[PDB]
Colleague: 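Before anything else, here's the structure in question.
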Amino acid sequence: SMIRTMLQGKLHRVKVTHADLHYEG
Amino acid sequence: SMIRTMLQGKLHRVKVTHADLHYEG
Amino acid sequence: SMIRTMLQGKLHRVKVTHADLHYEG
Amino acid sequence: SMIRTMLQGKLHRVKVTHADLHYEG
Amino acid sequence: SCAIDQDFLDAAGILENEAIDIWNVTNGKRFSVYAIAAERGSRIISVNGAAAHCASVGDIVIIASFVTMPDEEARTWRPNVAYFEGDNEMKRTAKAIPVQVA
Amino acid sequence: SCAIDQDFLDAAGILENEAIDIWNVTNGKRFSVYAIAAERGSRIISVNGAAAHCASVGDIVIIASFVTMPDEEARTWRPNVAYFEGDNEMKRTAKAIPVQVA
Amino acid sequence: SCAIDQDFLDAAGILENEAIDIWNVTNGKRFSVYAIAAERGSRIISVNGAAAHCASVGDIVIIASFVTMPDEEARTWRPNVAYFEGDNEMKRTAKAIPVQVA
Amino acid sequence: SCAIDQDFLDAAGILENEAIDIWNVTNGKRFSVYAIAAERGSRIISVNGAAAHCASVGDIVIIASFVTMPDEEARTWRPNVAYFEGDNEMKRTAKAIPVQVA
Amino acid sequence: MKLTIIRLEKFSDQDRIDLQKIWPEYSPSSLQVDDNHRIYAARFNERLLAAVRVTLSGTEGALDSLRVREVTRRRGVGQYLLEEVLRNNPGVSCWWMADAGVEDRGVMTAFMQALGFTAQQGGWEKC
Amino acid sequence: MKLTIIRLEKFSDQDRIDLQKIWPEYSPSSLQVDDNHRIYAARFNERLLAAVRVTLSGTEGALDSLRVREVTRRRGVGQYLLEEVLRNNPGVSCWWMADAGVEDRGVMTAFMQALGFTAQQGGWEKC
Amino acid sequence: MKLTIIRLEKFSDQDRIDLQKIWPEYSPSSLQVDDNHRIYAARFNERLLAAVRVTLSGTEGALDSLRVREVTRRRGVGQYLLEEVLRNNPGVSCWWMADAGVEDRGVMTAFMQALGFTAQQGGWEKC
Amino acid sequence: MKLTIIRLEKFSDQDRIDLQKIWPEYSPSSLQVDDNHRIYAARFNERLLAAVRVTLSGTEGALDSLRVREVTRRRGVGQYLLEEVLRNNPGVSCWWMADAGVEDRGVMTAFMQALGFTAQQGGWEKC
Ligand SMILES: CC(=O)SCCNC(=O)CCNC(=O)[C@H](O)C(C)(C)COP(=O)(O)OP(=O)(O)OC[C@H]1O[C@@H](n2cnc3c(N)ncnc32)[C@H](O)[C@@H]1OP(=O)(O)O
Ligand SMILES: CC(=O)SCCNC(=O)CCNC(=O)[C@H](O)C(C)(C)COP(=O)(O)OP(=O)(O)OC[C@H]1O[C@@H](n2cnc3c(N)ncnc32)[C@H](O)[C@@H]1OP(=O)(O)O
Ligand SMILES: CC(=O)SCCNC(=O)CCNC(=O)[C@H](O)C(C)(C)COP(=O)(O)OP(=O)(O)OC[C@H]1O[C@@H](n2cnc3c(N)ncnc32)[C@H](O)[C@@H]1OP(=O)(O)O
Ligand SMILES: CC(=O)SCCNC(=O)CCNC(=O)[C@H](O)C(C)(C)COP(=O)(O)OP(=O)(O)OC[C@H]1O[C@@H](n2cnc3c(N)ncnc32)[C@H](O)[C@@H]1OP(=O)(O)O
Ligand SMILES: [Cl-]
Ligand SMILES: [Cl-]
Ligand SMILES: [Cl-]
Ligand SMILES: [Cl-]
Ligand SMILES: [Mg+2]
Ligand SMILES: [Mg+2]
Ligand SMILES: [Mg+2]
Ligand SMILES: [Mg+2]
């Protein structure tokens, strides 16, 4: 009954558009 | 039979009242 | 069917007796 | 119904042959 | 490792002895510990032991718990969110985060 | 903590409120957060709150989600991969990564 | 990666080959490894291999293991706690952590 | 993120697309990624993309995979261990780690 | 920042853009606000998600033009918006909302009822 | 620090506050301690959680006033407190606790029995 | 870098090595490329995984020599290669691939059909 | 370091301590080693876990005194020890182990058989 952790999906090389410490979060 | 890891709940922007290396821990 | 991650047990304040980069590991 | 996280297997002391920030990844 | 006012645990659906993640807004550190209970009404958030290397009194943190469930259930799942201001005054609880718009 | 254009969530099979890992190609930081939705078509990838200590605008990141399943299923499993260029233009989706050859 | 006196493994309910987290009270580092057995009665806590970058002889650490279970069981769950002083002398075992009061 | 000679994956029971942890003996960094396949016989261990901030060519690493199982099964579980020397020559496979003695 | 209900007295350029998206049918100015004619809006991450107009006549109040952006429906934004409008107008003992312009009256009734309003001919009341 | 059982010979300001919460019925001084009249308390994270009074008469000892704060019951605090009082008084061969002031005798009996005491008329004994 | 379909006009030393592994039967030069006689290849992590030859005659085009390295089959490399060859030659309305040298025609038919080609006597067509 | 099978030609102070724990019945010197009378041991994390004596007579070899520390049994230490002794003595075509001193012959037979030896009267053979 052995359970594996597998990559489900990935977003490859997206670029961050916004970064804000005060946004929720 | 795929199992997801989901946010259950969150405490948003609480403030630390005490921090002590010798408290248990 | 929600599954929680729980502390199972802990060794509180043991002291490291040996630390060796070449031990197995 | 307690589920444990166990070492499945390990590659002990392999050497990195290639490291490239632009490879996929 | 982190003792939390029982009323705050209940609000967010966090259990005593449950693994939790702490994300420190003040100093950017991110660490994982487990919850212990503090006295109901105390407003306490106590970062104890080795974890106290990662936060100081007065730091603003975000504390989260994660659960696992089958894919079908996860599509309708709603998290338990509680929002604080000031000296740990609980201002709102909710079951969803809104959509961020342009 | 990370709001992501809904079209990008669907492409990669990531759910609102699902735990995700972010690996920053630009500055090498690796952090774990959860997904929130951003407006469909916005192209947004917003790193919010304490996570914003770990990325800046313009950083190139890789966002992944992990699931668990029994051993037998995992042997045939195919991940949902989506590939971007430029200003978050989706160039391709796929169900496998090729084999790296000498 | 961490070899632990068998008597200490039994006290805390940790298994050989089980993933464990180590939180270093001395130097604040937090790392995850797996348990191997050391000889019963030896009092050994050996941090081996790459993990030895994260602790030194004499460091005081906290070693924890985490399990998963359904929500209903987790509400009554009691952890296995063992408390040390001096040169790894086991002073007490317990099944609960008390409530922190104001 | 880490491509690994297929023969090495089989030896350790690691699957393509499986989450893995890498512990760098050379520089002490510890990171988690997923396995991709490299060509059988190539001896390759390729650390790709954002992960390449965490290792260099020539670094000696330890690569591990973790599984979950019920308590009763975990008590008799035996890990798949493979041991290397030189230029990724596989010297031994085993199903247990010995006990460390005083 | 987290979802917050604000009373709008002045409008930034951004408020003007967001209100166009909420109420494409209004072109303000034409949105005159004063002490008895108020606009409340729900703000999240520096954008307005929803808004409502409130007309106060002492112990009577009227609501009109309630809309939540379709992208962020069924996440509690409308409910919090209306909750906070009621709470910040504790002098009002009778509230009325007309069924004017409502796109789907049966969804609106479900919502209003969840908020303690009674369906009446032509609108919903809480009095 | 972790749960620790201490013998109190002197009281800090904090000990005075915590003992008020444990024993609101006592107003000490009035808590005279000396070699035969001892207070043991359970300390966790710099606060007292529980306390008990001990009266020693050589091979006989009496316990009174055992209370654990209600907030931290059923986490092993009372048991460890009583265990350590017995262990640190190895000269005592007969222990008695009166049922005086006990809020719920049936819970107290369950507890005392878990600790090896026998229910008797008017209290519990271990002799 | 990620899997990318390239048109090869010049060959590096590495391209020569990789093409030997793809097409051990060809020894190029002998691979003359020009505007109507093209080689497309699939590149991943600085190596060629697959290649195909394309012969253009205006609205007619022919494909030959399609091979994906056996080590990396059934991971979508051949499909992306053929997709991109079609997309980058939008002038071509009729495509033909002969069954010449194909190791397993029944796998090739399954593949070609997945790509919208019809099995015909002697090859596959999309016209 | 990882489990390694070594031929012992010289003994450190530590080797002497560990060999006492493996073979409490021997008090060496008394352990004379030379080209035909060898001691192989299994080393893990700077300690000896197991050892065996080997007597070589050209194409014949004898094994005696095989013991793995009881604390680390059933983790493959004895098997690797014997495997490596055989592999490092490729000239030997006939191996014999006497049943002398064996604590549990039925466990020893299971082990020896797993290693390709045949049970015979008085010991086990691989020839
Ligand atoms: C110019 C002008 O603006 S004229 C006015 C035009 N306005 C309209 O036409 C209204 C358009 N619709 C909307 O703006 C929204 O759909 C609203 C205001 C009705 C509801 O706003 P939302 O933010 O989506 O609702 P919210 O998530 O707060 O819902 C709260 C409760 O209402 C009820 N509700 C809301 N939507 C629905 C639905 N579609 N079906 C059933 N019940 C619903 C539910 O009980 C819900 O609680 P739950 O999710 O815990 O079940
Ligand atoms: C002025 C004066 O103080 S006068 C004296 C007044 N004192 C009182 O009225 C006593 C008030 N009650 C208390 O203070 C506590 O409830 C105590 C002292 C009885 C027990 O203290 P606790 O710390 O809660 O008990 P602890 O967790 O150590 O319990 C140990 C064992 O006792 C038994 N026990 C304790 N509480 C209970 C309960 N409510 N029901 C059944 N058994 C119980 C159980 O066997 C338990 O072991 P388990 O949890 O492994 O099952
Ligand atoms: C000199 C010369 O080169 S002469 C030419 C010699 N060439 C040959 O002999 C062809 C050798 N075979 C190959 O090179 C490959 O096996 C190819 C080109 C047929 C297919 O390439 P691949 O990269 O493996 O195929 P790809 O993974 O893109 O498959 C796409 C679809 O094709 C079909 N397909 C591919 N292989 C198979 C298979 N073995 N069985 C059934 N269907 C298949 C499937 O529908 C598949 O989609 P799915 O996996 O979503 O089910
Ligand atoms: C002075 C003197 O020394 S005189 C000599 C005295 N020596 C003795 O009395 C021998 C004492 N016993 C030992 O030292 C050990 O128990 C040994 C040498 C027999 C076996 O050593 P170990 O390291 O425990 O064995 P190892 O783990 O390598 O076992 C390999 C295989 O042997 C078999 N085996 C070993 N132990 C057992 C057992 N207890 N029951 C059944 N089979 C066993 C199994 O097939 C096993 O493979 P598996 O675990 O994949 O099932
Ligand atoms: Cl999990
Ligand atoms: Cl998991
Ligand atoms: Cl898990
Ligand atoms: Cl898991
Ligand atoms: Mg909403
Ligand atoms: Mg208690
Ligand atoms: Mg392929
Ligand atoms: Mg062994």
Side-chain angles (χ1 to χ4, degrees), chain A residues 9-14, chain D residues 24, chain F residues 5 7-8 10-12 41 43 78-99, chain K residues 1-11 15 18-19 22-23 31 33-69 72-100 102 107-120 123-127:
Chain A
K10 88 171 164 187
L11 303 175
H12 188 253
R13 296 181 60 93
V14 288
Chain D
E24 183 180 359
Chain F
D5 181 331
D7 275 336
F8 301 170
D10 288 352
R43 301 184 181 199
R78 291 180 178 171
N80 299 301
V81 185
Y83 297 94
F84 293 86
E85 295 178 5
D87 286 320
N88 293 341
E89 316 181 300
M90 197 179 308
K91 300 310 277 300
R92 181 183 181 242
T93 61
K95 291 288 291 159
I97 308 168
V99 170
Chain K
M1 296 179 12
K2 66 183 175 315
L3 186 67
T4 297
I5 303 315
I6 56 182
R7 180 179 169 193
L8 293 171
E9 307 206 75
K10 187 185 184 76
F11 310 85
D15 293 335
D18 292 353
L19 287 171
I22 298 160
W23 290 328
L31 261 30
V33 129
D34 57 35
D35 259 292
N36 291 317
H37 292 91
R38 285 133 91 130
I39 293 176
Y40 285 91
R43 185 183 285 294
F44 178 63
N45 295 348
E46 290 186 317
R47 299 289 178 269
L48 311 177
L49 303 177
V52 60
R53 298 206 295 194
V54 178
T55 302
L56 308 171
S57 305
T59 50
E60 305 165 329
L63 301 157
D64 68 88
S65 312
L66 167 68
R67 196 183 270 146
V68 169
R69 275 263 229 138
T72 191
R73 289 176 191 175
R74 210 77 186 259
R75 285 161 198 275
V77 175
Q79 170 177 329
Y80 186 51
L81 177 57
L82 272 208
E83 283 173 351
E84 287 290 293
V85 167
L86 279 36
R87 199 246 282 163
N88 283 300
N89 293 284
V92 186
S93 71
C94 203
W95 287 99
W96 174 249
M97 161 164 274
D99 63 8
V102 165
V107 166
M108 186 64 73
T109 297
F111 171 79
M112 294 305 281
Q113 275 184 5
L115 274 277
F117 282 69
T118 300
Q120 300 305 152
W124 301 273
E125 191 174 50
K126 186 191 194 92
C127 204

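Each chain gets a letter, A, B and so on, in the order the sequences are listed, and its residues count up from 1. The figures that follow rest on heavy atoms only: side chains count, while hydrogens, waters and symmetry mates do not.
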Colleague: On a heavy-atom basis, which atom in K:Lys10 and which in K:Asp15 lie closest, and how many Å separate them?
Modeller: O-OD2, 4.0 Å
Colleague: Closest approach of K:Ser65 and K:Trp23, non-hydrogen atoms and distance?
Modeller: O-NE1, 2.8 Å
Colleague: If only atom types and distance count, is the side chain of K:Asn45 paired as donor or acceptor with the main-chain N or O of D:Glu24 below 3.5 Å?
Modeller: yes
Colleague: Minimum heavy-atom separation for K:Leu8 to K:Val33, with atom names?
Modeller: O-CG1, 3.8 Å
Colleague: Which heavy-atom pair separates K:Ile22 from K:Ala50 by the least distance, and what is that distance?
Modeller: CD1-N, 3.7 Å
Colleague: Please round to the nearest 0.5 Å and tell me the distance separating atom OG1 of K:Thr109 and atom CG of K:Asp99.
Modeller: 8.5 Å
Colleague: Which side-chain N or O atoms in residues 77-85 of chain K pair as donor and acceptor under 3.5 Å with protein atoms at least two apart or in another chain?
Modeller:
unit_1: K:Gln79; atom_1: NE2; unit_2: K:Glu83; atom_2: OE2; d: 3.1
unit_1: K:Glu84; atom_1: OE1; unit_2: K:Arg87; atom_2: NH1; d: 3.2
unit_1: K:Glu84; atom_1: OE1; unit_2: K:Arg87; atom_2: NH2; d: 3.0
unit_1: K:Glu84; atom_1: OE2; unit_2: K:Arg87; atom_2: NE; d: 3.3
unit_1: K:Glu84; atom_1: OE2; unit_2: K:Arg87; atom_2: NH2; d: 2.5

Colleague: Could I get the full list of side chain to side chain donor-acceptor pair (under 3.5 Å) partners for K:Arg67, not counting sequence neighbours?
Modeller: K:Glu25
Colleague: Would you find a donor on one side and an acceptor on the other, under 3.5 Å apart, between the side chain of K:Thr72 and the backbone of F:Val99?
Modeller: yes
Colleague: Answer yes or no: is there a donor N or O on one side and an acceptor on the other, between the side chain of K:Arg53 and the main chain of K:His37, under 3.5 Å?
Modeller: no
Colleague: So for atom CG, which belongs to F:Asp87, do other residues, nucleotides or ligands contribute more than 12 heavy atoms lying within a distance under 6.0 Å?
Modeller: no
Colleague: Would K:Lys2 and F:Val81 count as a side chain to side chain contact (heavy atoms under 4.5 Å, CB included) if you check the C-alpha gap in whole Å, the side-chain angles of each, and the deciding distance to 0.1 Å?
Modeller: CA-CA 11 Å; K:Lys2 66 183 175 315; F:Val81 185; over 6 Å; no
Colleague: I want to check something: taking the side chain as every heavy atom from C-beta on, are K:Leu3 and F:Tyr83 in contact at a cut-off of under 4.5 Å?
Modeller: no
Colleague: Output all residues satisfying salt bridge (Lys or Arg N to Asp or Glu O under 4.0 Å) with F:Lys95, sequence neighbours left out; order by chain, then residue number.
Modeller: none
Colleague: Could you check F:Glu89 against F:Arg43 for salt bridge (charged side-chain N to carboxylate O under 4.0 Å, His left out), going step by step and ending with a plain yes or no?
Modeller: CA-CA 8 Å; F:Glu89 316 181 300; F:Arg43 301 184 181 199; 3.5 Å; yes
Colleague: If I compare all heavy atoms of F:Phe8 with all of A:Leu11, which pair ends up nearest, and what's the gap?
Modeller: O-CD2, 3.5 Å
Colleague: Name the residue from K:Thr118, K:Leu86, K:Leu63 that meets the side chain to side chain contact (heavy atoms under 4.5 Å, CB included) definition with K:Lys126.
Modeller: K:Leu86
Colleague: Is it true that atom CE of F:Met90 has more than 12 heavy atoms of other residues, nucleotides or ligands lying nearer than 6.0 Å?
Modeller: yes
Colleague: Nearest 0.5 Å please: distance from the CD atom of K:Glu125 over to the CE atom of K:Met97.
Modeller: 13.0 Å
Colleague: What closest approach, in Å, do F:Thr93 and F:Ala11 show between heavy atoms, and which atom pair accounts for it?
Modeller: CG2-CB, 4.4 Å
Colleague: Between atom CE of K:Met1 and atom NE2 of A:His12, what is the distance when rounded to the nearest 0.5 Å?
Modeller: 9.0 Å
Colleague: Nearest 0.5 angstrom please: K:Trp95 CH2 to K:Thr55 OG1, how far?
Modeller: 9.5 Å
Colleague: Side chain to side chain contact (heavy atoms under 4.5 Å, CB included) between K:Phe11 and K:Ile39: does it pass, once the steps are laid out?
Modeller: CA-CA 10 Å; K:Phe11 310 85; K:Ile39 293 176; 4.1 Å; yes
